[PDB]
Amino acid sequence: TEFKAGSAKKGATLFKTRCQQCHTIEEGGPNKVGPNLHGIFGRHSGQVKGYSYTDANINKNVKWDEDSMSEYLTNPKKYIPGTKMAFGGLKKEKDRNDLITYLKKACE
């Protein structure tokens, strides 16, 4: 594909307003409705310890990158049918760019 960096401040607010409801992102933050996402780009789907994932996400075995991430957030279920993440998606690239910007920084 093609992915460009947007704004990490903007990505920050999007997170707080769209993801934080179900996820933490900090090193050592708790699993909640969703799994903790710290360190995600160095991992594959369904590997956070103690988190109960659907068969769907485990089997998908997604190696998370800025590119897999942009497609996933477009529409989570289209990408991972069976997934229990209840989020419609981020339709705008601009939106996904900003957010993945932040994630990439914050997840490391």
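The numbering used is simple: start at 1 and walk along the sequence shown.
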item	value
Between 7 to 15 and 93 to 101 (mean CA B-factor, as deposited), the higher	7 to 15
Mean temperature factor over C-alpha atoms, higher-scoring stretch between 27 to 35 and 42 to 50	42 to 50
Assigned third (lowest, middle, highest) for the C-alpha B factor of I80	middle
Assigned third (lowest, middle, highest) for the C-alpha B factor of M69	middle
